[PDB]
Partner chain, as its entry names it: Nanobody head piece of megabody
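There is one chain below, alone, in structure tokens, taken in the form solved without its partner chain.
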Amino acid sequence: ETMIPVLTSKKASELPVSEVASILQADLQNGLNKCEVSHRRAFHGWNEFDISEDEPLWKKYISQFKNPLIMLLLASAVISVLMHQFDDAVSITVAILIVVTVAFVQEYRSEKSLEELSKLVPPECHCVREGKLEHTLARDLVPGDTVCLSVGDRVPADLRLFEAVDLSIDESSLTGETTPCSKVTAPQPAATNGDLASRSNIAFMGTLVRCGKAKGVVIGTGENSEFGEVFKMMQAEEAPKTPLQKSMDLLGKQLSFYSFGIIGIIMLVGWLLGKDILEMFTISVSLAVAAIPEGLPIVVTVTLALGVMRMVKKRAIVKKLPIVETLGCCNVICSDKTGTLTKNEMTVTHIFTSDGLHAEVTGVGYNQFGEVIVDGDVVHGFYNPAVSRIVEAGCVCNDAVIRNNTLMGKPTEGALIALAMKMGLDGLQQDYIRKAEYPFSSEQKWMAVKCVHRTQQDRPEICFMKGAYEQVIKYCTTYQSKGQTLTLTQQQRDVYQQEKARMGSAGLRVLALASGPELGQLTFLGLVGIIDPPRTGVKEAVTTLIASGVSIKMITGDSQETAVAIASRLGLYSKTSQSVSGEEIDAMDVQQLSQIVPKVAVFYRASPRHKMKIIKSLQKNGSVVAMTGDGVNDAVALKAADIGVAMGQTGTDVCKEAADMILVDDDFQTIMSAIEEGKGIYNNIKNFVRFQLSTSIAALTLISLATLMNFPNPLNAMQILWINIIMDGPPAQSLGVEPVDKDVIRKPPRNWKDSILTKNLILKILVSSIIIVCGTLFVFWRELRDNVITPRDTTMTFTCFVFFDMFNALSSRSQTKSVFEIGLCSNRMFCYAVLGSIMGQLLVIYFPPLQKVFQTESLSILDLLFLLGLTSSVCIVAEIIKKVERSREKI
């Protein structure tokens, strides 16, 4: 009854077991009955929360339709419709349909790939009902149910523990702590209950039980657990607008202002001249319709879709095009540590024998991959007796079992199992029969077993112990040295202590091993260094990112020592750096955080709110901040961050949803490939924008000048259509599809205040436009001095304009490198397009049918050569400017 008010983990931790049971009306021994479970499920529902609420396809279509450039395109389409411009409206609607169709197809494919990659099995739960243990699905849980936890079990819901022996729960998923947290059934004081990791009497949903047996009572199901509050916070923060979208909006506003300026200028010119108002107004609106280019969205969408497809081919799914743009223009990259920077898989890396030999173990994870190297020599099997004895002691005295690269047991024991597997001694456990077992406990801090060989049962009993050095060395009396048994002296003990301290100073966890006939007279074997190593290929990637001008910071909820060791190993920590805890982050506000966070680089013991605050503080300075992670605090960080990078294997569903790209193989080379692709996309967009703006400005100026005085429209409809095809067609697409240069990807990241339209680009556009219009006006001046209108004037102007457009496109192929630096062939599509256009022009000016259709005349070889030479000043001037800029650069 009482509708079963949900108890938070805080209050459940504060109140004792009896009070919680009385409040929840839960039977600890006999469990719940079916009728009560159904009654409680009728209100609280199932143990699920809605993830990725997907709207129908029409909503996504409308969302892709909603773009300021698209709105400008429809505005231009309707204003052309009111003046009976059918061709312009058809072109605009075709461009809009193509852009939205491509965007919808790409997003649908990305969503399908995300759904297929993330395969989820319905988890089960062990609970007692009516007094007999029966296995239910995790969804059927209701508050008050008594849940039994075993080794390897995944916690389905929040539990108030009342029975637990030697329980160890891996909370790296929720808190990021690599070391499993011991659980105690005693109530916790309110003073020490502030932190999540300090709640040792609460079992959190989604965590993995690594050791011990537990019995708890459900206190929260669904969105009321600790995995529901983080989800609520996730759907409470607005992702910030991408710099690509801001640049697109700024460019659209600039284009609208430019169109308004030109129509006002034409209005003023017409008023000054004395022409009629209505025809001049119609001409102004027609010129405005001719402005606002329509191919920019097509080119941008095509280039970004090609980049997305390339990223997919590189094992990386991208939800949005501005997402990959944000990754390309990233400035600061942050990282969770436990999970994306480290394998979250304890592995033995250093072995020290009783004889003094040092052994290095390579490889990461719970897999047989890896080799043990002693003095530059690979050791396999029983090659080295000293290392082999340690491996045998760690393998026989082991209860952890790894199946299909999944560890069931203590991570430290899994490290020893993996080390034994790397040496080819995986089956050493089956060769002995464990007669007497002493289990590992916090008080004793050691574990010893007694066993006899399967086929050598007549051999005397041998006992192996593992644990802390201090406890193991008490039962050790002799040591082995080069196959000889010598009594353990005080000097040897001091040497072992020195080695243990040296290994601990490097962040390695020291475990002692021994073997002998009976407890107390064991022989010391050696020490093994167990650490949680970083993922392969991460140190080089971090070094490359640091050398590229991108700062790398670490935010994690683990201990200070582990974070410091990991950062020092990866190069993010030194002897002069500083570390800031979560309490220090919560201490100051705004200004002091802004002074502190950029200087520091290591954050330890950080709550999800602390990570969100750090992300917001980094965003306040204006730098683009990136973060990668696999947890829930990481998920809320990616939600607060502009760019979200997740892991497709070790990550969670919440982390994957909160992110914006998912990594399949858990690599960073893919991340810098995305950065390079984004830089190339930005360069191509800049070049295409410059070329199209210059061409549009020149064409509009020429049309306005022609209409202004006397001769009305000295060009036929077919010539105008072919001109419109050339500038905004295959040449434009080929310019927008320009590949990635090897020099544009070795540059410092673009600043936040940098925009596409710069003063240099504007000056180059103006210079090219004035040169083109001067050449065309000189040609038309010679033809008007001829004082005859016999299609020769029209065809000469048509060819001059076509050649000027081609040379402008060739000049705008690159903005930094010269013409003879990227290759004449380069894009095969560009060569095909220019060859097709030039043969079409030759047929138009040569074939009598096409000549009559286009109203052209015959041109001799000398005239064609002179035209080719004259319409080359744009390319020559642009190359001279580029060469001057290049000189001065280095100079």
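Positions refer to the first chain, counted from 1.
The same protein also exists as the form solved in complex with its partner chain; that form is not shown, yet it is the one meant from here on.
Exercise for the section: May I ask whether 360, 370 and 499 all come within 4.5 angstroms of its partner chain in the deposited complex, judged by heavy atoms? Expected result: Yes, the whole trio is in contact, each within 4.5 Å by some heavy atom.
Practice task
Pick the stretch from 692-700, 706-714, 435-443, 344-352 whose residues have a heavy atom within 4.5 Å of its partner chain in the deposited complex.
Solution key: Careful reading of the contacts points to 344-352.
Problem - Exercise: residue 376 in contact with its partner chain in the deposited complex, heavy atom 4.5 Å - result: Residue 376: yes, in contact with its partner chain in the deposited complex.
Problem - Touches its partner chain in the deposited complex: residue 608 (any heavy atom, 4.5 Å) - result: No, no contact at 4.5 Å.
Problem - in the deposited complex, residue 626 touching its partner chain (heavy atom, 4.5 Å) - result: No, residue 626 sits far enough from its partner chain in the deposited complex that none of its heavy atoms falls within 4.5 Å.
Practice task
Decide whether residue 422 counts as a contact residue for its partner chain in the deposited complex under a heavy atom distance cut-off of 4.5 Å.
Solution key: Close contact exists here: in the deposited complex, residue 422 approaches its partner chain to within 4.5 Å, heavy atoms only.
Exercise for the section: Sort through 462, 364, 148, 285 and report the residue having a heavy atom within 4.5 Å of its partner chain in the deposited complex. Expected result: Among 462, 364, 148, 285, a heavy atom within 4.5 Å of its partner chain in the deposited complex occurs only for 364.
Handout entry: Residue among 243, 526, 533, 297 with a heavy atom within 4.5 Å of its partner chain in the deposited complex
Key = Contact check passes for 533.
Exercise for the section: Let me know which residues along 404-423 have a heavy atom within 4.5 Å of its partner chain in the deposited complex, or say none if there are none. Expected result: Sequence-ordered list: 404, 405, 406, 422.
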